[PDB]
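S.K.: If it helps, the file is called coords-v1.cif and holds mmCIF, C-alpha atoms; chains and numbers go by the auth columns:
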```
data_query
#
loop_
_atom_site.group_PDB
_atom_site.id
_atom_site.type_symbol
_atom_site.label_atom_id
_atom_site.label_comp_id
_atom_site.label_asym_id
_atom_site.label_seq_id
_atom_site.Cartn_x
_atom_site.Cartn_y
_atom_site.Cartn_z
_atom_site.B_iso_or_equiv
_atom_site.auth_seq_id
_atom_site.auth_asym_id
ATOM 1 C CA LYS A 1 0.000 0.000 0.000 0.00 103 A
ATOM 2 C CA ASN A 2 1.581 3.244 -1.162 0.00 104 A
ATOM 3 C CA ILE A 3 2.090 6.013 1.393 0.00 105 A
ATOM 4 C CA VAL A 4 3.621 8.751 -0.782 0.00 106 A
ATOM 5 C CA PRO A 5 1.401 11.815 -0.280 0.00 107 A
ATOM 6 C CA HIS A 6 -0.223 13.308 -3.344 0.00 108 A
ATOM 7 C CA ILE A 7 1.655 16.354 -4.611 0.00 109 A
ATOM 8 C CA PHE A 8 0.660 19.144 -6.974 0.00 110 A
ATOM 9 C CA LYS A 9 1.031 22.885 -7.543 0.00 111 A
ATOM 10 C CA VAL A 10 -1.082 25.860 -6.510 0.00 112 A
ATOM 11 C CA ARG A 11 -1.242 29.594 -7.187 0.00 113 A
ATOM 12 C CA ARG A 12 -2.340 32.062 -4.519 0.00 114 A
ATOM 13 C CA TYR A 13 -3.348 35.721 -4.705 0.00 115 A
ATOM 14 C CA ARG A 14 -3.407 38.206 -1.836 0.00 116 A
ATOM 15 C CA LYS A 15 -4.039 41.915 -1.285 0.00 117 A
ATOM 16 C CA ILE A 16 -2.115 43.760 1.433 0.00 118 A
ATOM 17 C CA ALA A 17 -2.728 47.299 2.695 0.00 119 A
ATOM 18 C CA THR A 18 -0.326 49.042 5.074 0.00 120 A
ATOM 19 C CA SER A 19 0.476 52.568 6.244 0.00 121 A
ATOM 20 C CA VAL A 20 3.445 54.323 7.842 0.00 122 A
ATOM 21 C CA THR A 21 2.910 57.030 10.487 0.00 123 A
ATOM 22 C CA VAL A 22 6.286 58.463 11.500 0.00 124 A
ATOM 23 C CA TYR A 23 6.608 62.223 11.957 0.00 125 A
ATOM 24 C CA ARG A 24 6.501 62.416 15.762 0.00 126 A
ATOM 25 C CA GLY A 25 7.642 65.675 17.300 0.00 127 A
ATOM 26 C CA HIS A 26 9.012 67.288 14.158 0.00 128 A
ATOM 27 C CA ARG A 27 10.033 64.180 12.193 0.00 129 A
ATOM 28 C CA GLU A 28 10.402 60.616 13.481 0.00 130 A
ATOM 29 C CA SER A 29 11.073 57.172 12.017 0.00 131 A
ATOM 30 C CA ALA A 30 8.969 54.019 12.465 0.00 132 A
ATOM 31 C CA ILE A 31 6.778 55.725 15.062 0.00 133 A
ATOM 32 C CA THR A 32 3.820 53.407 14.409 0.00 134 A
ATOM 33 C CA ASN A 33 3.181 50.785 11.729 0.00 135 A
ATOM 34 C CA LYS A 34 -0.354 50.201 10.489 0.00 136 A
ATOM 35 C CA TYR A 35 -2.400 47.025 10.857 0.00 137 A
ATOM 36 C CA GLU A 36 -1.012 45.682 7.544 0.00 138 A
ATOM 37 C CA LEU A 37 -4.257 43.919 6.692 0.00 139 A
ATOM 38 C CA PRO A 38 -3.965 41.136 4.085 0.00 140 A
ATOM 39 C CA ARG A 39 -7.105 40.658 1.987 0.00 141 A
ATOM 40 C CA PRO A 40 -8.277 38.400 -0.854 0.00 142 A
ATOM 41 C CA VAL A 41 -8.672 39.493 -4.478 0.00 143 A
ATOM 42 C CA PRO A 42 -11.905 40.265 -6.363 0.00 144 A
ATOM 43 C CA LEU A 43 -11.573 37.221 -8.665 0.00 145 A
ATOM 44 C CA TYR A 44 -13.055 38.811 -11.796 0.00 146 A
ATOM 45 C CA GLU A 45 -10.620 41.728 -11.940 0.00 147 A
ATOM 46 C CA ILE A 46 -8.036 39.354 -10.463 0.00 148 A
ATOM 47 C CA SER A 47 -8.693 36.932 -13.323 0.00 149 A
ATOM 48 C CA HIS A 48 -8.228 39.863 -15.690 0.00 150 A
ATOM 49 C CA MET A 49 -5.113 40.673 -13.670 0.00 151 A
ATOM 50 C CA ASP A 50 -4.213 36.983 -13.887 0.00 152 A
ATOM 51 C CA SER A 51 -4.995 37.024 -17.611 0.00 153 A
ATOM 52 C CA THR B 1 49.166 -68.790 -1.431 0.00 612 B
ATOM 53 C CA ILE B 2 47.600 -65.465 -2.439 0.00 613 B
ATOM 54 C CA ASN B 3 46.391 -62.234 -0.874 0.00 614 B
ATOM 55 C CA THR B 4 42.986 -61.937 0.779 0.00 615 B
ATOM 56 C CA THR B 5 42.188 -58.707 -1.099 0.00 616 B
ATOM 57 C CA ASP B 6 41.816 -60.547 -4.424 0.00 617 B
ATOM 58 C CA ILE B 7 38.866 -62.537 -3.032 0.00 618 B
ATOM 59 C CA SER B 8 35.592 -60.706 -3.627 0.00 619 B
ATOM 60 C CA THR B 9 33.799 -59.664 -0.434 0.00 620 B
ATOM 61 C CA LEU B 10 30.056 -59.104 -0.124 0.00 621 B
ATOM 62 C CA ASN B 11 28.496 -56.659 2.329 0.00 622 B
ATOM 63 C CA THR B 12 24.968 -56.390 3.738 0.00 623 B
ATOM 64 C CA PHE B 13 24.318 -52.723 4.547 0.00 624 B
ATOM 65 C CA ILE B 14 20.845 -51.355 4.086 0.00 625 B
ATOM 66 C CA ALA B 15 22.266 -47.953 3.214 0.00 626 B
ATOM 67 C CA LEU B 16 20.894 -45.462 5.740 0.00 627 B
ATOM 68 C CA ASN B 17 21.539 -42.680 3.236 0.00 628 B
ATOM 69 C CA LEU B 18 20.699 -39.739 5.472 0.00 629 B
ATOM 70 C CA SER B 19 20.420 -36.051 4.579 0.00 630 B
ATOM 71 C CA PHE B 20 21.373 -33.402 7.119 0.00 631 B
ATOM 72 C CA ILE B 21 20.045 -29.841 7.421 0.00 632 B
ATOM 73 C CA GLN B 22 21.711 -27.007 5.552 0.00 633 B
ATOM 74 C CA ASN B 23 22.220 -23.632 7.225 0.00 634 B
ATOM 75 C CA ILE B 24 20.600 -20.484 5.836 0.00 635 B
ATOM 76 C CA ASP B 25 21.458 -16.887 6.697 0.00 636 B
ATOM 77 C CA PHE B 26 18.337 -14.791 7.260 0.00 637 B
ATOM 78 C CA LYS B 27 18.852 -11.493 5.462 0.00 638 B
ATOM 79 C CA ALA B 28 17.246 -8.603 7.315 0.00 639 B
ATOM 80 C CA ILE B 29 14.455 -7.033 5.264 0.00 640 B
ATOM 81 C CA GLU B 30 12.262 -3.953 5.482 0.00 641 B
ATOM 82 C CA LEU B 31 9.158 -2.576 3.783 0.00 642 B
ATOM 83 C CA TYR B 32 9.306 1.225 3.509 0.00 643 B
ATOM 84 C CA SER B 33 12.545 2.987 2.618 0.00 644 B
ATOM 85 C CA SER B 34 13.832 5.791 4.826 0.00 645 B
ATOM 86 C CA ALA B 35 13.336 8.178 1.902 0.00 646 B
ATOM 87 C CA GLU B 36 9.640 7.290 1.844 0.00 647 B
ATOM 88 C CA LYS B 37 9.603 7.667 5.629 0.00 648 B
ATOM 89 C CA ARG B 38 10.875 11.233 5.278 0.00 649 B
ATOM 90 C CA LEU B 39 8.376 11.863 2.472 0.00 650 B
ATOM 91 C CA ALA B 40 5.625 10.695 4.863 0.00 651 B
ATOM 92 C CA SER B 41 6.750 13.235 7.527 0.00 652 B
ATOM 93 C CA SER B 42 4.185 15.704 6.061 0.00 653 B
#
```
Starting from the file, lay out its structure as structure tokens.
M.R.:
Amino acid sequence: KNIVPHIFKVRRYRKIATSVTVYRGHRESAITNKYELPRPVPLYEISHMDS
Amino acid sequence: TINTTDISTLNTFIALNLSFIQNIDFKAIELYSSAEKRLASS
């Protein structure tokens, strides 16, 4: 009885939104990073993007 | 006068032609190769 797991390939799409807020005092660096929310893609436009 | 060896001699042996037991070496065997074992880690 074979035990080799089935293997194949896959393609994944993601949408990420992030913001940088660093000007504390006069000007600062890396004061606060945003939530960096990753989101799916709208399929239809994504398919057009994929196409 | 002659030698006794020249005279034919009969023998009565029901030949107990035995047959002993040979010796075999049991080779160690296995089913699933270590490569497959690693591939099954997933």
S.K.: Under the rule that all atoms listed in the file are counted, which of A:121, A:111, A:106, A:149 is the nearest residue to residue 136 of chain A?
M.R.: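 The shortest atom-to-atom distance to residue 136 of chain A comes from A:121.
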S.K.: With a distance threshold of 10 Å and counting all atoms listed in the file, extract the residues of chain B near chain A and express them as a PyMOL selection string.
M.R.: chain B and resi 643+647-653
S.K.: Calculate how many Å separate atom CA of residue 115 of chain A from atom CA of residue 138 of chain A, rounding to one decimal.
M.R.: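 Result for atom CA of residue 115 of chain A versus atom CA of residue 138 of chain A: 16.0 Å, one decimal.
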S.K.: Could you state the separation of atom CA of residue 141 of chain A and atom CA of residue 126 of chain A in Å, given to one decimal place?
M.R.: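 Value for the atom CA of residue 141 of chain A-atom CA of residue 126 of chain A distance: 29.1 Å.
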S.K.: Mind pulling up the distance from atom CA of residue 139 of chain A to atom CA of residue 114 of chain A?
M.R.: 16.4 Å
S.K.: Applied to this file, what does the PyMOL selection byres ((chain A and resi 117) around 7) return in terms of residues, put as an MDAnalysis selection string?
M.R.: chainID A and resid 116 118:119 140:143
S.K.: Please complete segment 111-127 of chain A with N, CA, C and O atoms and give it back as a short mmCIF file (atom, residue, chain, number, x, y, z; two decimals), in the coordinates of the input.
M.R.:
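Written file, out-v7.cif:
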```
data_model
loop_
_atom_site.label_atom_id
_atom_site.label_comp_id
_atom_site.auth_asym_id
_atom_site.auth_seq_id
_atom_site.Cartn_x
_atom_site.Cartn_y
_atom_site.Cartn_z
N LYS A 111 0.69 21.48 -7.64
CA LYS A 111 1.03 22.88 -7.54
C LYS A 111 -0.22 23.72 -7.29
O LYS A 111 -1.35 23.26 -7.48
N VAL A 112 0.00 24.96 -6.87
CA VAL A 112 -1.08 25.86 -6.51
C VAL A 112 -0.60 27.29 -6.72
O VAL A 112 0.59 27.58 -6.63
N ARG A 113 -1.54 28.18 -7.02
CA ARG A 113 -1.24 29.59 -7.19
C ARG A 113 -2.17 30.39 -6.28
O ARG A 113 -3.38 30.17 -6.28
N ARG A 114 -1.60 31.32 -5.52
CA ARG A 114 -2.34 32.06 -4.52
C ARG A 114 -2.20 33.56 -4.77
O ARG A 114 -1.13 34.04 -5.16
N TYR A 115 -3.29 34.28 -4.53
CA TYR A 115 -3.35 35.72 -4.70
C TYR A 115 -3.77 36.37 -3.40
O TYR A 115 -4.66 35.87 -2.70
N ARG A 116 -3.13 37.49 -3.07
CA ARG A 116 -3.41 38.21 -1.84
C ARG A 116 -3.32 39.71 -2.08
O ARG A 116 -2.62 40.17 -2.98
N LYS A 117 -4.05 40.46 -1.25
CA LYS A 117 -4.04 41.92 -1.28
C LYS A 117 -3.66 42.42 0.10
O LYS A 117 -4.30 42.07 1.09
N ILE A 118 -2.63 43.26 0.16
CA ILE A 118 -2.12 43.76 1.43
C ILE A 118 -2.19 45.28 1.43
O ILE A 118 -1.82 45.92 0.44
N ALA A 119 -2.67 45.85 2.53
CA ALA A 119 -2.73 47.30 2.70
C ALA A 119 -2.01 47.67 3.98
O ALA A 119 -2.29 47.09 5.04
N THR A 120 -1.10 48.63 3.91
CA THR A 120 -0.33 49.04 5.07
C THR A 120 -0.06 50.54 4.99
O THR A 120 -0.10 51.13 3.91
N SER A 121 0.19 51.15 6.15
CA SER A 121 0.48 52.57 6.24
C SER A 121 1.64 52.80 7.20
O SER A 121 1.89 52.00 8.11
N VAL A 122 2.34 53.90 6.99
CA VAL A 122 3.44 54.32 7.84
C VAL A 122 3.09 55.68 8.44
O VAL A 122 2.67 56.59 7.72
N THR A 123 3.23 55.80 9.76
CA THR A 123 2.91 57.03 10.49
C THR A 123 4.12 57.38 11.35
O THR A 123 4.16 57.07 12.54
N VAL A 124 5.11 58.04 10.75
CA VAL A 124 6.29 58.46 11.50
C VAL A 124 6.65 59.90 11.18
O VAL A 124 7.41 60.17 10.23
N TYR A 125 6.13 60.85 11.96
CA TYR A 125 6.61 62.22 11.96
C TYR A 125 6.56 62.82 13.36
O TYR A 125 6.37 64.03 13.51
N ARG A 126 6.71 61.98 14.39
CA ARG A 126 6.50 62.42 15.76
C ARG A 126 7.43 63.57 16.12
O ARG A 126 8.55 63.68 15.62
N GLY A 127 6.94 64.44 17.00
CA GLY A 127 7.64 65.68 17.30
C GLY A 127 7.70 66.55 16.07
O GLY A 127 6.68 67.11 15.65
#
```
